[PDB]
Amino acid sequence: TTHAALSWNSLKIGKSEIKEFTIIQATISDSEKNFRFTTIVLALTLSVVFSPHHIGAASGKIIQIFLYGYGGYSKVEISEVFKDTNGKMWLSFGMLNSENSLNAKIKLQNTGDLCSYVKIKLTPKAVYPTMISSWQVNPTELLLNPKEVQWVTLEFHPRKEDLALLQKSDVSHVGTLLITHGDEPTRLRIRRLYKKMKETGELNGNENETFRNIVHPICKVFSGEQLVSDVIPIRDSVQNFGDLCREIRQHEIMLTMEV
Amino acid sequence: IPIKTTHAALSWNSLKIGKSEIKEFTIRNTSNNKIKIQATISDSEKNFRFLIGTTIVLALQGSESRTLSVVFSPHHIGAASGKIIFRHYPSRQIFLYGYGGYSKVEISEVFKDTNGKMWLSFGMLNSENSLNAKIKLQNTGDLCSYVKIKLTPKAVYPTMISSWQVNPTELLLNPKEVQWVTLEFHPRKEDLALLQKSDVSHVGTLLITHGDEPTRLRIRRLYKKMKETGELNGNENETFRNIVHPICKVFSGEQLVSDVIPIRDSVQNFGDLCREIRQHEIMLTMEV
Amino acid sequence: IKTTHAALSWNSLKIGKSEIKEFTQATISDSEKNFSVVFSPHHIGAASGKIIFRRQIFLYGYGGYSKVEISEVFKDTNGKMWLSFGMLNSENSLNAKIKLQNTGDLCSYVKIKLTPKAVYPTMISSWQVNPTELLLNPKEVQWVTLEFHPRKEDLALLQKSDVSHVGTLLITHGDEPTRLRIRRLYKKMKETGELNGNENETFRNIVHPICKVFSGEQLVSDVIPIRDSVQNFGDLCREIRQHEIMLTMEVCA
Amino acid sequence: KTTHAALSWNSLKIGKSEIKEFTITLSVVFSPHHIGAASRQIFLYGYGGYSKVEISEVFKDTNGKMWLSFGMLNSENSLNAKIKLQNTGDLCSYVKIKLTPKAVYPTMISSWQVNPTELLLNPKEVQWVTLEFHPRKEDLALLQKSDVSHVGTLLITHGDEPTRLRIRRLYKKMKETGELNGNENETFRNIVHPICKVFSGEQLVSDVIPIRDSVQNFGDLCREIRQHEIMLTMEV
């Protein structure tokens with residue numbers, strides 16, 4: 001057995017993903033009957049399917065080898081922004097009135113069944129020491145329960161120094177808003193696993209230049225995090241950690257401004 | 001006066017007050033003798049000048065020839081007609097035409113990207129319903145403005161346009177006039193069959209040709225004169241006709257202004273006159 | 001008894017792949033066991049059938065595909081194709097080429113149309129493209145050459161930016177048999193003049209230059225026993241693949 | 001009180017002049033007569049010349065984006081490509097480059113091999129930057145859906161080498177006194193820190209030492225930091 005255990009990502013009800021493991025009687029000792037092939041025999045690459053019947057955790061046993069899954073999903077839909085046929089997302093503040101500053105809002109809708117996590121990070125195009133002081137965006141980070149609606153409001157007080165670069169064109173790219181979102185439990189799983197790997201020192205050299213910067217703002221305890229104990233019996237490992245980071249959803253709304 | 005100009009006349013486009021356009025023409029002596037001629041611009045409204053004042057003089061030595069440049073600055077909105085006279089220092093005459101004012105049709109309630117495109121979204125297809133949107137057209141100029149709108153669907157079935165309803169298809173806008181263009185789309189099952197794959201689907205493209213109305217009258221007279229002679233019929237005009245043909249039609253509401261009849265345009269100035277036809281292509285999408 | 005569809009035709013389907021079409025005690029009569037009704041080509045070629053109510057409704061189909069790949073042109077992650085002429089050398093004109101290869105099993109048809117970004121009456125076209133129209137036998141590869149002679153009217157608008165859009169190359173391609181089918185029915189479309197009012201400007205412009213007799217067109221007689229009609233034409237004209245290539249040119253310095 | 005005990009310009013092109021206002025209001029003009037530094041009650045600093053860092057052998061868009069394609073993933077092989085970098089300027093150039101892949105997995109940087117990661121170019125020096133991608137199994141799991149896949153983004157921060165020495169001089173003080181020692185700088189440092197390290201081949205020029213720049217004008221000096229992004233494309 002190459003993989004000591006198999007862990008699936010959070011999957012919506014009525015969808016099944018397969019995963020393989022390389023290796024006598026065989027049987028899935030599952031009480032909730034989430035994992036199937038149900039009981040086989042083979043003489044000497046095996047593949048197991050996962051179909052979440054109930055929203056919630058799923059733990060299975062093969063005659064031993066451990067199987068891990070968790071059912072439900074999260075779909076953060078961004079609204080009141082413009083989306084292109086190509087795919088890119090666009091938010092316009094309007095024209096620059098003298099002696100005034102600009103401000104806008106975004107709507108976030110959770111169309112899933114599980115809790116969702118959202119970390120927002122704003123990056124302006126111009127650079128100067130107080131480049132963070134000109135933008136004020138709130139909430140910077142939050143959680144959304146299923147079918148919850150939240151408005152994120154962002155105010156921009158343009159200084160002369162950024163507009164000195166925004167001068168040239170009539171519609172000026174001023175910044176990019178990155179929204180990292182997804183399901184809350186996968187964040188708990190990756191947080192637990194990252195604490196495990198950092199405590200043992202697996203990733204603390206060079207390969208950690210970019211990776212920490214991608215996983216840092218999500219492994220912290222969020223504000224409003226009501227600790228759910230459904231994810232404590234699921235132990236994920238190093239080999240499947242990439243498949244866990246694959247469910248980190250990221251979108252980059254564009255910020256524009258006319259003349 | 002042995003002389004042979006290149007341009008029989010010089011005609012300018014439409015220029016804002018306080019803006020000047022230059023145009024040059026090559027004047028050539030034909031006789032192998034020594035001629036010396038005076039060029040005087042008889043301008044009544046101070047619209048045309050030289051490149052100095054209102055009168056110059058030059059000598060030409062046996063086909064030794066030159067290139068003169070004339071500037072145009074329309075002080076008043078309205079037509080401008082002058083004539084340069086070449087006398088000896090018997091007459092030679094070249095006449096000049098220009099017309100002042102401008103038009104700036106501004107499209108509004110549409111989205112503009114940093115790239116340059118303009119984007120209009122209908123929304124999300126609700127079951128048993130159809131979609132609709134609107135755009136604002138504002139004339140911020142000094143002259144009357146002309147707008148021809150033409151819609152091209154993305155799907156290709158024989159009755160593709162009958163699912164689209166666009167109003168107004170063609171119109172004029174006076175300065176500081178506001179007009180709203182309404183677009184209704186009741187999709188047939190054949191339209192959505194391709195839009196399936198993505199979440200935001202391109203459904204059509206709306207072309208808006210706009211500009212100043214009088215230049216349309218000038219281009220219309222020139223296009224009608226040229227089309228009957230067969231000058232503009234063949235291969236090199238496939239794209240040009242398709243942009244300039246639907247605009248030479250008689251518009252609805254066209255109040256015939258007689259200010260452009262004293263302006264004589266020619267074959268030689270047809271390209272730079274048609275280059276000032278402003279054209280934009282709004283995108284039409286939805287989010288299924 | 002009465003059927004909203006007196007006949008049922010499909011499009012040209014890939015080998016071994018099935019296409020379903022719905023229509024609204026039960027026996028069928030097909031010769032090559034090809035066939036709500038489902039279609040699967042068991043012989044690479046045309047397909048026919050006459051079902052028997054228990055009283056006849058005619059079914060038609062055609063099997064095969066034509067995958068014409070455009071190469072030596074840059075493709076985008078978003079999906080837009082991009083061709084560059086390079087840089088405007090003084091006293092010279094710019095040139096480029098694209099390759100088109102039919103990686104399918106049926107004949108492919110390719111009509112090319114160019115639209116410049118500059119509009120002006122010169123009567124000597126700065127663009128020279130060859131071949132404007134052609135057809136490809138299976139696995140036939142052809143090169144399309146494009147030459148641009150920049151006159152001052154072209155460069156007068158291309159001045160502002162460093163990378164200038166100079167033209168748009170539309171390639172309408174697909175399988176020859178569906179072109180014969182659409183042309184055959186399109187001739188009858190004109191016998192009644194059914195949609196000449198406003199459709200005449202967006203539909204005819206897309207489907208008329210395809211109904212002309214191509215050069216090299218060797219008349220295949222496999223599409224004559226086919227009886228597709230007006231109602232399925234909307235579906236039949238769906239297999240006209242149309243791609244757009246950008247034409248770009250970098251300005252000096 | 002004249003709001004600035006010192007006033008610095010940027011590196012200006014040959015023979016073109018830029019005016020700057022300095023309140024007291026007053027306006028002053030600079031024009032470079034010699035490629036090199038420049039120094040009543042007067043206290044002013046400036047320096048003339050330019051470095052045009054041109055990226056070539058990469059496809060550009062009418063919109064302005066840049067695109068590099070590795071070709072198609074042949075089985076059992078790994079992919080590699082190269083870009084040309086030419087200094088069509090008059091002063092030395094600095095070209096700190098960093099690549100960030102589009103796939104998130106713990107060994108991101110190791111699968112990518114890019115050289116040179118750091119270098120500087122004197123005027124009209126031409127260098128080729130090679131970048132090789134060994135597709136690890138985590139990478140292709142995301143690139144499956146479409147036919148043309150975005151695999152990474154390569155940031156090239158380039159500009160004038162001499163202005164970099166001034167930026168380092170000001171940033172070292174600004175951090176030794178802790179003016180900008182906080183964490184909000186996490187978006188600024190990522191933009192300006194990888195250029196303040198000592199490059200290889202850096203021959204210390206002493207022409208930038210008499211240029212006494214201060215805290216307030218740092219923004220204007222760091223305004224001339226050119227930033228381009230190259231898209232990384234893989235077919236199939």
# chains A, B, ... in the order shown; residues from 1 in each chain; ligands from 1

call {"tool": "interface_residues", "arguments": {"of": "chain D", "to": "chain A", "cutoff": "9 Å", "atoms": "only C-alpha atoms", "output": "ChimeraX atom specification"}}
result
/D:100,103-110,138,141-142,180,184-185,187-188,191-192,218-220,222-223

call {"tool": "closest_atom_pairs", "arguments": {"of": "chain D", "to": "chain C", "cutoff": "6 Å", "atoms": "only C-alpha atoms", "output": "Markdown table"}}
result
| residue | atom | partner | partner_atom | distance |
| --- | --- | --- | --- | --- |
| D:62 | CA | C:163 | CA | 5.0 |
| D:148 | CA | C:77 | CA | 4.9 |
| D:149 | CA | C:77 | CA | 5.6 |
| D:150 | CA | C:77 | CA | 6.0 |

call {"tool": "write_last_selection", "arguments": {"atoms": "C-alpha atoms", "output": "short mmCIF file (atom, residue, chain, number, x, y, z; two decimals), in the first residue's frame"}}
result
data_model
loop_
_atom_site.label_atom_id
_atom_site.label_comp_id
_atom_site.auth_asym_id
_atom_site.auth_seq_id
_atom_site.Cartn_x
_atom_site.Cartn_y
_atom_site.Cartn_z
CA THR D 62 -2.93 44.89 -28.54
CA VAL D 148 -4.80 25.86 -23.49
CA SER D 149 -3.77 26.08 -19.84
CA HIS D 150 -2.33 28.96 -17.81
#

call {"tool": "closest_atom_pairs", "arguments": {"of": "chain C", "to": "chain B", "cutoff": "12 Å", "atoms": "only C-alpha atoms", "output": "tab-separated table"}}
result
residue	atom	partner	partner_atom	distance
C:78	CA	B:198	CA	11.4
C:113	CA	B:238	CA	10.0
C:114	CA	B:239	CA	8.7
C:115	CA	B:239	CA	6.2
C:116	CA	B:239	CA	7.4
C:117	CA	B:239	CA	9.2
C:118	CA	B:275	CA	8.6
C:119	CA	B:240	CA	5.4
C:120	CA	B:271	CA	5.4
C:121	CA	B:271	CA	6.0
C:122	CA	B:236	CA	7.2
C:123	CA	B:236	CA	5.3
C:124	CA	B:236	CA	6.4
C:125	CA	B:236	CA	5.2
C:126	CA	B:236	CA	8.6
C:127	CA	B:236	CA	8.9
C:128	CA	B:236	CA	10.4
C:152	CA	B:272	CA	11.3
C:153	CA	B:271	CA	8.5
C:154	CA	B:275	CA	10.8
C:156	CA	B:275	CA	10.1
C:157	CA	B:275	CA	9.6
C:161	CA	B:115	CA	11.9
C:167	CA	B:239	CA	11.0
C:168	CA	B:239	CA	11.2
C:182	CA	B:158	CA	11.6
C:186	CA	B:158	CA	10.2
C:189	CA	B:158	CA	9.8
C:190	CA	B:158	CA	12.0
C:193	CA	B:158	CA	11.8
C:194	CA	B:158	CA	9.6
C:195	CA	B:159	CA	7.3
C:196	CA	B:158	CA	10.1
C:197	CA	B:162	CA	10.3
C:198	CA	B:161	CA	7.3
C:199	CA	B:161	CA	6.2
C:200	CA	B:158	CA	9.1
C:201	CA	B:152	CA	8.9
C:202	CA	B:152	CA	6.2
C:203	CA	B:158	CA	6.0
C:204	CA	B:158	CA	8.4
C:205	CA	B:156	CA	10.6
C:206	CA	B:156	CA	8.0
C:207	CA	B:156	CA	8.7
C:208	CA	B:158	CA	11.7
C:230	CA	B:158	CA	9.7
C:231	CA	B:158	CA	10.4
C:232	CA	B:157	CA	10.2
C:233	CA	B:157	CA	7.8
C:234	CA	B:157	CA	5.0
C:235	CA	B:190	CA	7.7
C:236	CA	B:157	CA	9.1
C:237	CA	B:157	CA	6.8
C:238	CA	B:156	CA	7.0
C:239	CA	B:156	CA	10.0
C:240	CA	B:156	CA	8.8
C:241	CA	B:156	CA	10.5
C:242	CA	B:156	CA	10.4

call {"tool": "write_last_selection", "arguments": {"atoms": "C-alpha atoms", "output": "PDB file, in the first residue's frame"}}
result
ATOM      1  CA  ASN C  78      -9.015  32.463 -22.824  1.00  0.00           C
ATOM      2  CA  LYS C 113     -12.233  36.502 -45.238  1.00  0.00           C
ATOM      3  CA  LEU C 114     -10.102  39.451 -44.143  1.00  0.00           C
ATOM      4  CA  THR C 115     -11.358  42.683 -42.572  1.00  0.00           C
ATOM      5  CA  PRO C 116      -8.832  45.500 -42.042  1.00  0.00           C
ATOM      6  CA  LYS C 117      -9.021  47.907 -39.138  1.00  0.00           C
ATOM      7  CA  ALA C 118      -8.492  50.894 -41.470  1.00  0.00           C
ATOM      8  CA  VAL C 119     -11.296  51.888 -43.848  1.00  0.00           C
ATOM      9  CA  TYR C 120     -10.327  53.909 -46.905  1.00  0.00           C
ATOM     10  CA  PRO C 121     -11.000  53.982 -50.713  1.00  0.00           C
ATOM     11  CA  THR C 122      -7.628  53.127 -52.264  1.00  0.00           C
ATOM     12  CA  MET C 123      -8.764  50.713 -55.034  1.00  0.00           C
ATOM     13  CA  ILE C 124      -5.393  48.942 -54.689  1.00  0.00           C
ATOM     14  CA  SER C 125      -5.749  46.653 -51.684  1.00  0.00           C
ATOM     15  CA  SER C 126      -2.835  46.637 -49.257  1.00  0.00           C
ATOM     16  CA  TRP C 127      -3.839  43.086 -48.271  1.00  0.00           C
ATOM     17  CA  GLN C 128      -3.057  40.070 -50.467  1.00  0.00           C
ATOM     18  CA  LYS C 152      -0.280  56.154 -44.795  1.00  0.00           C
ATOM     19  CA  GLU C 153      -4.025  55.698 -44.229  1.00  0.00           C
ATOM     20  CA  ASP C 154      -3.271  52.442 -42.413  1.00  0.00           C
ATOM     21  CA  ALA C 156      -2.392  57.145 -39.453  1.00  0.00           C
ATOM     22  CA  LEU C 157      -4.594  55.368 -36.892  1.00  0.00           C
ATOM     23  CA  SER C 161       0.073  52.442 -29.010  1.00  0.00           C
ATOM     24  CA  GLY C 167      -6.823  43.304 -39.235  1.00  0.00           C
ATOM     25  CA  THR C 168      -9.078  40.359 -38.495  1.00  0.00           C
ATOM     26  CA  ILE C 182     -26.917  23.387 -46.422  1.00  0.00           C
ATOM     27  CA  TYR C 186     -30.590  26.990 -49.127  1.00  0.00           C
ATOM     28  CA  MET C 189     -34.961  28.805 -49.246  1.00  0.00           C
ATOM     29  CA  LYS C 190     -34.708  31.407 -52.004  1.00  0.00           C
ATOM     30  CA  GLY C 193     -37.932  34.312 -50.346  1.00  0.00           C
ATOM     31  CA  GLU C 194     -38.969  33.402 -46.811  1.00  0.00           C
ATOM     32  CA  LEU C 195     -36.591  35.692 -44.866  1.00  0.00           C
ATOM     33  CA  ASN C 196     -35.417  38.570 -47.086  1.00  0.00           C
ATOM     34  CA  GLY C 197     -36.492  41.484 -44.887  1.00  0.00           C
ATOM     35  CA  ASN C 198     -33.939  42.001 -42.112  1.00  0.00           C
ATOM     36  CA  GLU C 199     -32.362  38.533 -41.886  1.00  0.00           C
ATOM     37  CA  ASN C 200     -30.874  39.356 -45.313  1.00  0.00           C
ATOM     38  CA  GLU C 201     -28.106  41.346 -43.584  1.00  0.00           C
ATOM     39  CA  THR C 202     -26.706  39.078 -40.838  1.00  0.00           C
ATOM     40  CA  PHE C 203     -27.654  35.571 -42.005  1.00  0.00           C
ATOM     41  CA  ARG C 204     -26.999  35.769 -45.742  1.00  0.00           C
ATOM     42  CA  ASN C 205     -23.673  37.522 -45.095  1.00  0.00           C
ATOM     43  CA  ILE C 206     -22.551  34.466 -43.095  1.00  0.00           C
ATOM     44  CA  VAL C 207     -24.046  31.599 -45.145  1.00  0.00           C
ATOM     45  CA  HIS C 208     -24.059  32.893 -48.748  1.00  0.00           C
ATOM     46  CA  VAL C 230     -36.236  23.656 -43.537  1.00  0.00           C
ATOM     47  CA  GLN C 231     -37.116  22.814 -39.934  1.00  0.00           C
ATOM     48  CA  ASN C 232     -33.837  21.069 -39.053  1.00  0.00           C
ATOM     49  CA  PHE C 233     -31.812  23.683 -40.962  1.00  0.00           C
ATOM     50  CA  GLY C 234     -31.301  25.645 -37.748  1.00  0.00           C
ATOM     51  CA  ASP C 235     -29.630  22.558 -36.320  1.00  0.00           C
ATOM     52  CA  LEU C 236     -27.890  21.723 -39.605  1.00  0.00           C
ATOM     53  CA  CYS C 237     -26.334  25.174 -39.924  1.00  0.00           C
ATOM     54  CA  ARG C 238     -24.880  24.691 -36.428  1.00  0.00           C
ATOM     55  CA  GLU C 239     -21.948  22.651 -37.821  1.00  0.00           C
ATOM     56  CA  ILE C 240     -20.449  25.677 -39.609  1.00  0.00           C
ATOM     57  CA  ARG C 241     -17.341  26.232 -37.509  1.00  0.00           C
ATOM     58  CA  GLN C 242     -16.169  29.843 -37.552  1.00  0.00           C
TER      59      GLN C 242
END

call {"tool": "residues_around", "arguments": {"residues": "residue 252 in chain A", "least_positions_apart": "5", "cutoff": "10 Å", "atoms": "only C-alpha atoms", "output": "PDB file with C-alpha atoms, in the first residue's frame"}}
result
ATOM      1  CA  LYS A  88     -12.377  38.426 -15.908  1.00  0.00           C
ATOM      2  CA  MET A  89     -14.222  40.402 -13.241  1.00  0.00           C
ATOM      3  CA  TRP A  90     -14.613  44.172 -13.202  1.00  0.00           C
ATOM      4  CA  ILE A 120      -9.823  39.658   1.125  1.00  0.00           C
ATOM      5  CA  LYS A 121      -6.552  41.344   0.136  1.00  0.00           C
ATOM      6  CA  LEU A 122      -6.321  44.580  -1.852  1.00  0.00           C
ATOM      7  CA  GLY A 175      -5.829  48.135  -8.237  1.00  0.00           C
ATOM      8  CA  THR A 176      -6.745  44.472  -7.955  1.00  0.00           C
ATOM      9  CA  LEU A 177      -8.868  42.888  -5.225  1.00  0.00           C
ATOM     10  CA  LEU A 178      -8.038  39.264  -4.419  1.00  0.00           C
ATOM     11  CA  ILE A 179     -10.781  37.258  -2.713  1.00  0.00           C
ATOM     12  CA  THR A 180      -9.699  33.877  -1.362  1.00  0.00           C
TER      13      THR A 180
END

call {"tool": "residues_around", "arguments": {"residues": "residue 87 in chain D", "least_positions_apart": "3", "cutoff": "6 Å", "atoms": "only C-alpha atoms", "output": "PyMOL selection string"}}
result
chain D and resi 52-53+123-125

call {"tool": "select_by_dssp", "arguments": {"residues": "range 43-236 of chain D", "states": "helix (DSSP H, G or I)", "output": "ChimeraX atom specification"}}
result
/D:109-111,137-140,161-176,184-186,189-192,218-224

call {"tool": "write_last_selection", "arguments": {"atoms": "C-alpha atoms", "output": "JSON list (two decimals), in the first residue's frame"}}
result
[["chain", "number", "residue", "atom", "x", "y", "z"],
["D", 109, "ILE", "CA", 9.51, 26.41, -6.55],
["D", 110, "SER", "CA", 11.44, 23.15, -6.99],
["D", 111, "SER", "CA", 9.63, 22.08, -10.18],
["D", 137, "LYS", "CA", 1.79, 15.33, -10.99],
["D", 138, "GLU", "CA", 0.18, 18.02, -8.82],
["D", 139, "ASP", "CA", 0.56, 20.57, -11.65],
["D", 140, "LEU", "CA", -1.47, 18.78, -14.33],
["D", 161, "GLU", "CA", 20.49, 50.52, -12.10],
["D", 162, "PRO", "CA", 21.68, 53.89, -10.70],
["D", 163, "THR", "CA", 18.29, 54.76, -9.20],
["D", 164, "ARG", "CA", 18.42, 51.37, -7.46],
["D", 165, "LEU", "CA", 21.48, 52.45, -5.48],
["D", 166, "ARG", "CA", 19.60, 55.52, -4.22],
["D", 167, "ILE", "CA", 16.58, 53.36, -3.37],
["D", 168, "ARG", "CA", 18.80, 51.00, -1.36],
["D", 169, "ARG", "CA", 20.47, 53.91, 0.43],
["D", 170, "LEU", "CA", 17.12, 55.35, 1.48],
["D", 171, "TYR", "CA", 15.51, 52.01, 2.38],
["D", 172, "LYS", "CA", 18.43, 50.94, 4.59],
["D", 173, "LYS", "CA", 18.08, 54.08, 6.71],
["D", 174, "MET", "CA", 14.27, 53.94, 6.66],
["D", 175, "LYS", "CA", 14.47, 50.43, 8.12],
["D", 176, "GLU", "CA", 17.39, 51.00, 10.52],
["D", 184, "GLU", "CA", 1.35, 46.66, 6.35],
["D", 185, "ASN", "CA", 4.49, 47.09, 4.17],
["D", 186, "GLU", "CA", 3.83, 43.48, 3.10],
["D", 189, "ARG", "CA", 8.26, 45.33, 0.40],
["D", 190, "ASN", "CA", 7.29, 42.53, -2.00],
["D", 191, "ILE", "CA", 7.52, 45.17, -4.73],
["D", 192, "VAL", "CA", 10.71, 46.97, -3.62],
["D", 218, "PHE", "CA", 11.39, 58.49, -1.88],
["D", 219, "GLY", "CA", 7.98, 57.98, -3.53],
["D", 220, "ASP", "CA", 8.99, 60.00, -6.58],
["D", 221, "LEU", "CA", 12.26, 58.08, -6.93],
["D", 222, "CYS", "CA", 10.57, 54.67, -6.60],
["D", 223, "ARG", "CA", 7.98, 55.77, -9.18],
["D", 224, "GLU", "CA", 10.41, 54.77, -11.98]]

call {"tool": "interface_residues", "arguments": {"of": "chain A", "to": "chain C", "cutoff": "12 Å", "atoms": "only C-alpha atoms", "output": "VMD selection string"}}
result
chain A and resid 84 to 88 169

call {"tool": "interface_residues", "arguments": {"of": "chain B", "to": "chain D", "cutoff": "9 Å", "atoms": "only C-alpha atoms", "output": "VMD selection string"}}
result
chain B and resid 114 to 116
